[PDB]
Amino acid sequence: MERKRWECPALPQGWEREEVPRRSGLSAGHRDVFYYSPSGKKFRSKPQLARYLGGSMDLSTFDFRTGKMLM
DNA sequence: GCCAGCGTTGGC
DNA sequence: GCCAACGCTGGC
């Protein structure tokens, strides 16, 4: 349960994926997933992400939780 | 019963 | 006033 962040190969150049495990409360150990644009904007849901990227690329099979396209 | 999506807010 | 961190909940 450590924070990890680096490049997401399923998104365009400069986009990054991050996992932050929750450390307390009822949801402790749960891992939230975020994405960061090249400009550093923080995304925490697929609808949010799709408003920035959904025109420039196909996101219909992108799995926000895993960060990969569903084959 | 799980979890995507997002509401809430203590601590700053 | 912001926002990381966690809870809530509608849809499945």
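Keep in mind that the numbers below use all heavy atoms, side chains included, and drop hydrogens, waters and symmetry copies. Residue numbers start from 1 in every chain, and the chains themselves are labelled A, B, ... in the order their sequence lines are given, proteins ahead of strands.
- Between A:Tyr36 atom OH and C:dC3 atom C1' there is a gap of 11 Å when expressed in whole angstrom units.
- Looking only at distances, a side-chain donor or acceptor of A:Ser45 sits under 3.5 Å from a matching main-chain atom of A:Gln48.
- The NE2 atom of A:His30 sits 11 Å away from the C1' atom of B:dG5 (whole-angstrom rounding).
- Going from atom CZ of A:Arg22 over to atom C1' of B:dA4 covers 12 Å, rounded to whole Å.
- Contact annotation: A:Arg31 side-chain N/O to B:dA4 OP1/OP2 distance is not under 4.0 Å.
- Remark: the backbone N or O of A:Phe64 is paired with a side-chain donor or acceptor of A:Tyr35 at under 3.5 angstrom.
- Distances shown here put every side-chain N or O of A:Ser45 at or beyond 4.0 Å from the OP1 or OP2 atom of B:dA4.
- Using modelled atom types, one finds a donor on one side chain and an acceptor on the other under 3.5 Å when comparing A:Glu18 with A:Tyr36.
- With B:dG5, C:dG7, C:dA5 as the candidates, the nucleotide lying closest to the side chain of A:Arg3 is C:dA5.
- Computed from coordinates, the A:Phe43 CZ to B:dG5 P distance equals 15 Å when rounded to whole Å.
- Remark: side-chain polar atoms of A:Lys46 are paired, donor with acceptor, to backbone N or O of A:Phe62 under 3.5 angstrom.
- One finds no side-chain N or O of A:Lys46 lying less than 4.0 angstrom from the OP1 or OP2 phosphate oxygen of B:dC6.
- The distance from atom CG of A:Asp32 to atom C1' of C:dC6 is 8 Å, rounded to the nearest whole Å.
- The phosphate of C:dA5 (OP1 or OP2) has no side-chain N or O of A:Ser24 nearer than 4.0 angstrom.
- The CG atom of A:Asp63 sits 10 Å away from the P atom of B:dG5 (whole-angstrom rounding).
- Between the CZ atom of A:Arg44 and the P atom of C:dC3 there is a distance of 12 Å, given to the nearest Å.
- Following rounding to the nearest Å, A:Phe64 (CZ) and B:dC3 (P) show an atom-to-atom distance of 16 Å.
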